[PDB]
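Colleague: My questions will all concern the structure given below.
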Amino acid sequence: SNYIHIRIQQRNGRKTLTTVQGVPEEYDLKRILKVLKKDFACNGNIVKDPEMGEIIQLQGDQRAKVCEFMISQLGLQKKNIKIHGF
Amino acid sequence: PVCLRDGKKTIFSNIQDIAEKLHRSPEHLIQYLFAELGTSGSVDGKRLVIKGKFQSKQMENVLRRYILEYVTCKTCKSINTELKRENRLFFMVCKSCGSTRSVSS
Amino acid sequence: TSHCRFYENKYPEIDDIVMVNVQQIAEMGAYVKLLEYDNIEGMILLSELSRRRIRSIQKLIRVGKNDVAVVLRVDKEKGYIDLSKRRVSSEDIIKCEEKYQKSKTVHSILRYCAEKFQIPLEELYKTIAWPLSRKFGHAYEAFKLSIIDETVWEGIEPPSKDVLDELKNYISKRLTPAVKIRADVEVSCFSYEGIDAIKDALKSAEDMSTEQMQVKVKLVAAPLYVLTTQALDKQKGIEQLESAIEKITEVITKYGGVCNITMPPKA
Amino acid sequence: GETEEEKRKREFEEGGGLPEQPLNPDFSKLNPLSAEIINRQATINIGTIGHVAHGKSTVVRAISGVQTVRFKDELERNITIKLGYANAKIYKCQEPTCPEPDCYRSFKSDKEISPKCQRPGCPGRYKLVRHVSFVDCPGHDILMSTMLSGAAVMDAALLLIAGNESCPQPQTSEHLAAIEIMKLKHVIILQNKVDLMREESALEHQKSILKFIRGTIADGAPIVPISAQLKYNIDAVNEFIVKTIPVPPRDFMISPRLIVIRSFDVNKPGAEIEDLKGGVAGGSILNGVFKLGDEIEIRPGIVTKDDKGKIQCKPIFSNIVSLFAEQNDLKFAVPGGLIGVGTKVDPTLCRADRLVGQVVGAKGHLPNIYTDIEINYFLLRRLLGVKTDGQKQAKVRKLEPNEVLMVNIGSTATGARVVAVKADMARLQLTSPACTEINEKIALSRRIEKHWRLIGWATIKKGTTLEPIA
RNA sequence: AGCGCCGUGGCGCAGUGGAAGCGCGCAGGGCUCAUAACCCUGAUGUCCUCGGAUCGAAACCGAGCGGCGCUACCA
RNA sequence: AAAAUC
Ligand SMILES: Nc1nc2c(ncn2[C@@H]2O[C@H](COP(=O)(O)OP(=O)(O)CP(=O)(O)O)[C@@H](O)[C@H]2O)c(=O)[nH]1
Ligand SMILES: [Mg+2]
Ligand SMILES: [Zn+2]
């Protein structure tokens with residue numbers, strides 16, 4: 001249940017977008033986007049996708065860094081969250 | 001695991017042997033794979049072909065995860081379990097031990 | 001033969017909206033047949049064809065398919081009709097397709113009648129369809145009211161009574177709409193005797209069943225008792241279920257328990 | 001070339017089947033070992049205890065063969081809330097030639113009086129030494145009310161320990177100690193994981209377990225290596241059950257009583273309600289026989305809170321329609337077992353966990369409900385069921401006034417408020433009613449780490465009663 | 001166990017009563033220097049199985065199957 | 001208008 005994983009979508013000119021799918025509601029999302037923006041210097045979106053869920057889209061190609069934020073903010077598991085190569 | 005990369009296409013011409021040696025039905029394995037990965041691929045007659053850029057490491061790790069959470073017993077060292085449906089859910093049952101443990105995700 | 005139109009007149013009026021089957025486009029637009037008026041070819045030119053500029057001259061217009069068009073001009077002298085695709089509102093397209101399917105359904109019914117009776121469809125529409133579309137404004141509403149009231153066939157001369165019998169049989173087979181009304185009630189008993197109370201309350205509930213309205217109070221769980229009823233008119237089932245509520249509450253006020261409702265009678 | 005059904009039917013008809021109990025036999029000559037009792041009703045309730053994820057239902061299925069109905073689509077997998085009931089029949093081989101360890105055999109309760117010996121080459125017929133009821137108590141650290149209700153129901157015990165895991169499992173010790181709290185001492189030690197262990201490792205595990213059970217009250221606890229999976233050493237378990245565990249004293253000279261632990265609503269859906277059955281309360285009968293057709297009352301019953309916050313308790317009167325003691329309805333009942341008393345009680349009283357741990361009395365007796373209860377309580381030195389990574393396992397403190405404590409009075413699970421605390425006695429106010437019949441051995445659990453943890457034992461010495469309103 | 005939803009051509013929605021729909025894909029092409037965007041072209045089905053009124057049904061019903069949803073483990 | 005790469 002409620003598995004967590006991150007994906008990378010490429011673009012023109014090597015530019016990349018990162019998506020974490022599934023976020024616990026224990027901590028709210030705007031309060032988390034605020035500190036995502038500073039620590040990442042990348043634009044972010046709390047987008048709604050049907051049958052998928054709320055997604056915090058972020059710019060760039062960063063996986064260990066969103067994970068490093070996750071380990072400190074709410075995540076205490078580091079086992080359910082999956083990293084995708086792509 | 002043998003992963004054939006053909007341009008945009010990712011081929012597994014060996015998934016039949018994976019299903020046979022792990023004593024798992026092929027369609028259940030495909031369901032698990034596409035619940036893990038976000039793709040919808042086809043099967044040719046014996047081989048699982050998908051359209052994407054997927055590495056061999058991902059295939060190896062999903063096989064290991066399937067082994068640890070589905071194939072081998074989580075309380076004993078045994079593969080002798082197989083797939084059944086006890087009210088409507090998948091309820092795994094073993095043959096060497098017969099223990100009632102079930103994982104459906 | 002299947003040639004007659006659905007509406008009254010032969011040539012379209014002005015500023016009316018219909019739905020057209022596309023057949024061919026050459027250089028000025030699509031001069032295509034009509035499927036709501038009398039069969040005639042009208043021209044839909046390019047700047048009257050796509051809300052979007054004209055980038056996909058093959059996509060939005062499909063040779064052999066039907067899309068909504070609007071009458072701009074009608075030359076009621078020789079043969080010419082002007083039609084446009086852009087000048088249809090986003091909401092209006094829904095009513096246009098509603099009217100088109102309406103026309104197609106009535107046309108298919110009368111076409112079955114003509115094919116079985118070998119009468120030209122022109123006579124079927126003249127003797128029947130247009131008087132009903134004059135009395136009620138439409139022939140489909142008239143079939144619907146014929147289902148519930150035969151009197152719509154009074155005052156009109158049929159081509160033959162067997163045609164009337166076959167068409168009434170066909171509309172009864174096709175245009176038939178027994179609304180399923182379900183309520184559910186929670187027995188919240190804590191008292192001494194509740195099972196015989198349920199037994200006799202449901203016995204009384206099944207007793208009031210009429211030959212036309214039948215009620216079988218079924219069980220899905222201990223508290224949840226479901227009342228399923230068929231209502232030929234949608235107003236009798238609610239009264240049946242209210243009477244049932246009275247019966248169960250009266251039975252349970254004396255034995256000691258309590259019975260509560262979750263869903264009252266709703267279709 | 002006989003089919004399996006034909007062979008089973010031939011063995012059933014050869015062995016005599018299941019003879020119907022006499023409607024009204026002379027009860028002054030009727031011991032729990034009589035054929036009319038032994039073949040068609042349990043006399044000893046034996047229960048299995050163990051830590052989480054050990055296979056508590058699997059061992060009983062191995063012994064008996066009847067499933068506990070691990071229900072609810074979420075309790076299918078992790079843990080059950082309601083207990084697991086099971087019936088098995090102990091049959092000994094009458095021929096002396098076959099080995100004594102293999103002479104015994106536990107079969108299902110559908111078997112006949114005299115089944116043939118399945119050992120290859122043995123023509124002897126099995127004799128039913130006893131039929132035993134099985135109670136499975138869930139061992140999760142939040143659900144302990146059911147385990148203490150079962151312990152109040154219990155008569156014999158079977159403790160389970162895993163091999164490859166750590167020797168000092170807190171939950172097994174908690175189950176054990178709770179059993180010795182409830183005046184129960186017939187405890188048999190079972191090691192389940194021997195198949196995944198080596199020759200030496202099981203020896204150190206048994207040494208550690210032997211050192212573990214040294215200071216507790218129970219001393220003579222036999223140890224059995226079993227396999228819920230390979231299904232071996234079952235006859236040894238049956239032999240130990242029959243030998244080590246005799247019948248606790250129970251006869252027909254005491255007034256009838258009932259302790260309902262489960263609620264069961266007979267509401268088979270889809271069929272017309274013109275054909276229904278009675279609402280069934282599943283309860284243990286610790287004393288007093290019941291016969292087909294009786295007038296009984298659930299003493300706590302209706303619990304209402306009026307416009308002033310006061311509590312009103314109306315006993316639930318009911319006529320007994322059936323007594324599902326075993327697969328076929330019985331004419332009477334035998335103390336020391338679990339029986340489903342199916343009365344005319346409305347099935348919603350039995351739908352959910354409502355008739356959970358309540359006390360029921362036959363007409364002619366008035367068990368007294370109490371609102372404030374005087375209690376004599378003794379406590380243990382340290383908390384149990386908690387894992388401490390090498391620092392002074394938490395010590396049980398002393399009670400304080402005006403606090404909620406889960407006071408499991410036999411089967412009744414109540415949240416009591418302590419009005420006063422003395423050196424050995426305390427006064428408890430119950431927001432949920434409880435009726436005191438004779439002694440009703442109590443267990444106590446305190447909220448120290450979120451969930452409850454057992455503390456000690458208690459006995460009722462006085463109380464403030466409430467008069468039931470008919 | 002009971003009552004609600006569904007049955008692709010790879011995926012979804014649509015018509016359900018003239019007999020194979022569209023978009024999403026996928027493949028190729030064109031646009032161009034060149035990637036997206038955009039513009040063309042296809043090749044896949046007793047639209048789950050079995051019966052029935054019906055010129056006719058994949059569509060209307062039903063006698064069964066598979067997977068979802070609620071009641072709720074229904075002695 | 002929307003214009004992207006380099
Ligand atoms: N190795 C081994 N595993 C077993 C055995 N019995 C059961 N298991 C496995 O261990 C787990 C425990 O079985 P289960 O019956 O679900 O546990 P339980 O004892 O009912 C749980 P609780 O103690 O909380 O009531 C299951 O996943 C099962 O596969 C056994 O004898 N050996
Ligand atoms: Mg259990
Ligand atoms: Zn196993």
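Chain labels A, B, ... are given in the sequence in which chains occur in the structure tokens; within each chain residues are numbered consecutively from 1, and ligands are likewise numbered from 1 in the order shown.
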Quick one: residues within 12 Å of ligand 2, with only C-alpha atoms (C1' of nucleotides) and all ligand atoms, as JSON, numbers by chain?
Modeller: {"B": [100], "D": [47, 48, 49, 50, 51, 52, 53, 54, 55, 56, 57, 58, 59, 60, 61, 67, 68, 69, 70, 71, 75, 76, 77, 78, 79, 80, 81, 82, 83, 84, 85, 86, 134, 135, 136, 137, 138, 139, 140, 143, 146, 147]}
Colleague: Got a sec to pull out which chain D residues are within 9 Å of chain C, counting only C-alpha atoms, and send them as a PyMOL selection string?
Modeller: chain D and resi 265-279+301-302+314-318+344-351
Colleague: Output N, CA, C and O atoms for every residue in that selection, as a compact mmCIF listing (two decimals), in the first residue's frame.
Modeller:
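This is the output file out.txt:
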# COMPACT_ATOMS: atom_id res chain seq x y z
N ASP D 265 -24.76 -13.42 14.59
CA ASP D 265 -26.07 -13.15 14.02
C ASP D 265 -26.32 -14.08 12.84
O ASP D 265 -25.57 -14.04 11.85
N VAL D 266 -27.35 -14.90 12.93
CA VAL D 266 -27.67 -15.89 11.90
C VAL D 266 -28.60 -15.19 10.91
O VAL D 266 -29.82 -15.21 11.04
N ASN D 267 -28.00 -14.55 9.90
CA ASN D 267 -28.72 -13.73 8.94
C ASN D 267 -28.24 -14.01 7.52
O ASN D 267 -27.84 -13.12 6.78
N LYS D 268 -28.24 -15.30 7.14
CA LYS D 268 -27.85 -15.72 5.80
C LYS D 268 -28.56 -14.87 4.76
O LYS D 268 -29.78 -14.97 4.58
N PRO D 269 -27.83 -14.01 4.05
CA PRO D 269 -28.47 -13.04 3.15
C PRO D 269 -28.97 -13.69 1.87
O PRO D 269 -28.59 -14.80 1.50
N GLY D 270 -29.86 -12.96 1.20
CA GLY D 270 -30.44 -13.40 -0.06
C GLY D 270 -31.77 -14.12 0.05
O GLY D 270 -32.68 -13.86 -0.74
N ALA D 271 -31.89 -15.02 1.02
CA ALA D 271 -33.12 -15.76 1.21
C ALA D 271 -34.17 -14.90 1.92
O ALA D 271 -33.85 -13.90 2.57
N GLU D 272 -35.43 -15.29 1.77
CA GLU D 272 -36.52 -14.55 2.38
C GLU D 272 -36.47 -14.66 3.90
O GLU D 272 -36.13 -15.71 4.46
N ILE D 273 -36.81 -13.56 4.58
CA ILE D 273 -36.75 -13.50 6.04
C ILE D 273 -37.90 -14.24 6.69
O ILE D 273 -37.89 -14.43 7.92
N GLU D 274 -38.86 -14.73 5.91
CA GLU D 274 -39.87 -15.63 6.45
C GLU D 274 -39.25 -16.90 7.02
O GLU D 274 -39.87 -17.56 7.85
N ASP D 275 -38.03 -17.23 6.60
CA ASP D 275 -37.28 -18.38 7.12
C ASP D 275 -35.95 -17.85 7.66
O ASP D 275 -34.98 -17.70 6.91
N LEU D 276 -35.91 -17.58 8.96
CA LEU D 276 -34.70 -17.18 9.65
C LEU D 276 -34.51 -18.07 10.87
O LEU D 276 -35.33 -18.95 11.16
N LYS D 277 -33.43 -17.84 11.60
CA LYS D 277 -33.11 -18.58 12.81
C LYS D 277 -32.93 -17.60 13.97
O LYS D 277 -33.12 -16.39 13.82
N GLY D 278 -32.57 -18.14 15.14
CA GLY D 278 -32.39 -17.32 16.31
C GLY D 278 -31.03 -16.64 16.35
O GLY D 278 -30.07 -17.04 15.69
N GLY D 279 -30.96 -15.57 17.15
CA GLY D 279 -29.71 -14.88 17.41
C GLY D 279 -28.92 -15.67 18.43
O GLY D 279 -29.44 -16.05 19.48
N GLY D 301 -26.85 -6.69 29.74
CA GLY D 301 -27.86 -6.41 28.74
C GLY D 301 -27.92 -4.99 28.22
O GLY D 301 -26.90 -4.43 27.78
N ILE D 302 -29.11 -4.40 28.25
CA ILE D 302 -29.31 -3.03 27.80
C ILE D 302 -28.59 -2.10 28.77
O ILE D 302 -28.86 -2.11 29.98
N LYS D 314 -30.74 -3.18 31.89
CA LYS D 314 -31.88 -4.09 31.77
C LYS D 314 -31.40 -5.46 31.31
O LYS D 314 -30.86 -5.57 30.20
N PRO D 315 -31.57 -6.52 32.10
CA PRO D 315 -31.19 -7.85 31.62
C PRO D 315 -31.99 -8.25 30.39
O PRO D 315 -33.18 -7.96 30.27
N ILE D 316 -31.32 -8.94 29.46
CA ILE D 316 -31.93 -9.36 28.20
C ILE D 316 -32.50 -10.76 28.45
O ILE D 316 -31.78 -11.74 28.53
N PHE D 317 -33.82 -10.83 28.58
CA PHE D 317 -34.48 -12.12 28.73
C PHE D 317 -34.63 -12.79 27.37
O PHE D 317 -34.84 -12.13 26.35
N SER D 318 -34.53 -14.12 27.36
CA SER D 318 -34.61 -14.85 26.10
C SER D 318 -34.93 -16.32 26.36
O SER D 318 -34.47 -16.88 27.36
N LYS D 344 -33.97 -16.31 21.00
CA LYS D 344 -34.77 -15.41 20.18
C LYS D 344 -34.26 -13.97 20.22
O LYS D 344 -34.99 -13.06 19.80
N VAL D 345 -33.04 -13.75 20.71
CA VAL D 345 -32.48 -12.40 20.77
C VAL D 345 -32.33 -11.85 19.36
O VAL D 345 -31.85 -12.54 18.45
N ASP D 346 -32.73 -10.59 19.18
CA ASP D 346 -32.64 -9.95 17.88
C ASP D 346 -31.19 -9.98 17.39
O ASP D 346 -30.26 -9.72 18.17
N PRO D 347 -30.95 -10.30 16.11
CA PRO D 347 -29.58 -10.55 15.65
C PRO D 347 -28.67 -9.33 15.71
O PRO D 347 -27.44 -9.51 15.67
N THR D 348 -29.21 -8.12 15.80
CA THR D 348 -28.35 -6.94 15.91
C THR D 348 -27.66 -6.86 17.27
O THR D 348 -26.57 -6.28 17.36
N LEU D 349 -28.26 -7.44 18.31
CA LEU D 349 -27.55 -7.59 19.58
C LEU D 349 -26.36 -8.51 19.42
O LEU D 349 -25.43 -8.48 20.24
N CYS D 350 -26.36 -9.35 18.39
CA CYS D 350 -25.28 -10.28 18.11
C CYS D 350 -24.50 -9.93 16.84
O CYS D 350 -23.60 -10.68 16.46
N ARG D 351 -24.83 -8.81 16.19
CA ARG D 351 -24.18 -8.46 14.92
C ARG D 351 -22.70 -8.16 15.11
O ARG D 351 -21.84 -8.85 14.55
Colleague: What are the nearest atom pairs, with distances in Å to one decimal, for all residues of chain B that come at most 12 Å from ligand 3, using only C-alpha atoms and all ligand atoms, set out by chain and rising residue number as CSV?
Modeller:
residue,atom,partner,partner_atom_place_in_ligand_line,distance
B:70,CA,ligand 3,1 (Zn),11.1
B:71,CA,ligand 3,1 (Zn),10.0
B:72,CA,ligand 3,1 (Zn),7.5
B:73,CA,ligand 3,1 (Zn),4.7
B:74,CA,ligand 3,1 (Zn),7.4
B:75,CA,ligand 3,1 (Zn),6.6
B:76,CA,ligand 3,1 (Zn),5.1
B:77,CA,ligand 3,1 (Zn),6.9
B:78,CA,ligand 3,1 (Zn),5.3
B:79,CA,ligand 3,1 (Zn),7.2
B:80,CA,ligand 3,1 (Zn),6.8
B:81,CA,ligand 3,1 (Zn),6.5
B:82,CA,ligand 3,1 (Zn),10.2
B:92,CA,ligand 3,1 (Zn),9.7
B:93,CA,ligand 3,1 (Zn),7.9
B:94,CA,ligand 3,1 (Zn),5.4
B:95,CA,ligand 3,1 (Zn),7.4
B:96,CA,ligand 3,1 (Zn),6.5
B:97,CA,ligand 3,1 (Zn),4.7
B:98,CA,ligand 3,1 (Zn),6.1
B:99,CA,ligand 3,1 (Zn),5.6
B:100,CA,ligand 3,1 (Zn),8.4
B:101,CA,ligand 3,1 (Zn),8.5
B:102,CA,ligand 3,1 (Zn),11.2
Colleague: Could you give me the residues within segment 26-140 of chain D that DSSP places in strand (DSSP E or B), as a ChimeraX atom specification?
Modeller: /D:44-49,84-93,104-108,116,125-136
Colleague: Enumerate as a list in words the residues belonging to chain A that approach chain B to within 12 Å, with only C-alpha atoms taken into account.
Modeller: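 Filtering chain A at 12 Å from chain B with only C-alpha atoms gives residues 1, 2, 3, 4, 5, 6, 7, 8, 9, 10, 21, 52, 79, 80, 82, 83, 84, 85 and 86 of chain A.
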Colleague: For chain F, report every residue with an atom at most 12 Å from chain A (counting only C-alpha atoms (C1' of nucleotides)), formatted as a VMD selection string.
Modeller: chain F and resid 4 to 6
